[PDB]
């Protein structure tokens, strides 16, 4: 039996870790199963930045009645989908990085981003408190978000702060917002503001604008806590951590289940460190070269406490 899949990207694929990972994993599954001789179609729709059009674009994909599954990502998608689920109940949807319990035609997976961001904040504070080249004597770290949204304000920011405060309760996090997920010039401006306020380690979570923060790091001399995927090679020596979600693998795994007829129609899963889907990347040689022993030792010890449940971050 032939199978057709659509991926709805709420923005652009390139330069957005969550969407690049999503598309890479769906493609990997499709390519794999095509190679067995099976006919599998894959269409990727890049919606672009205009969020006011997302709902109608998704409704048209459902109305086309051709996709066995429409795949998307990000925590706003369940809300976007609400009337579409009602109007087109036979259309199956899969959304990663989201949470929608108790739907009938929508299955979601959320990562434990308290773990993810706590790992990032702890690493950031260790670096900021150290005598590394660009560290200063303040206890100030930064976060530059593309936009504000409930997961960012209720999970990521508080967990980043909590991880930092586990190192020293005096740590502060200065949050800034770009207003979009692409403009690297505008994120660089925020990074310069943070640097001059005394921030020596920043975490960019602003999509294609992340590059602006990397540029500012090289320009001014500060460190970057990278999120979502492996960012060490994007600015060797500046990127001091990668605190990640295993979105490429999850997208691959769930797409395969769809193709083989094993993906449930509904459900809302949460996957974290103990499940293997949130990680701090210690194995990259750039990390080992970039970050001194005492910091790496403490970061490893933290990972062990999360892996055992001793430190549970629900």
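Numbering follows the first chain given and starts at 1.
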{"property": "Mean C-alpha B-factor comparison - 143 to 151 and 165 to 173, higher one", "result": "165 to 173"}
{"property": "Selected stretch [higher average CA B-factor]: 48 to 56 or 242 to 250", "result": "48 to 56"}
{"property": "Out of 114, 93, 226, 88, highest CA B-factor residue", "result": "88"}
{"property": "Options 178, 120, 220, 127 - largest CA temperature factor per the record", "result": "220"}
{"property": "Residue 282 CA temperature factor, ranked by third within the chain", "result": "highest"}
{"property": "Third of chain Cα B-factors occupied by residue 64", "result": "middle"}
{"property": "Third of the chain's Cα B-factor distribution that residue 212 belongs to, per the entry", "result": "lowest"}
{"property": "Cα B factor band for residue 204 (lowest, middle or highest third within the chain)", "result": "lowest"}
{"property": "For residue 16, the third of its chain into which the C-alpha B factor falls", "result": "lowest"}
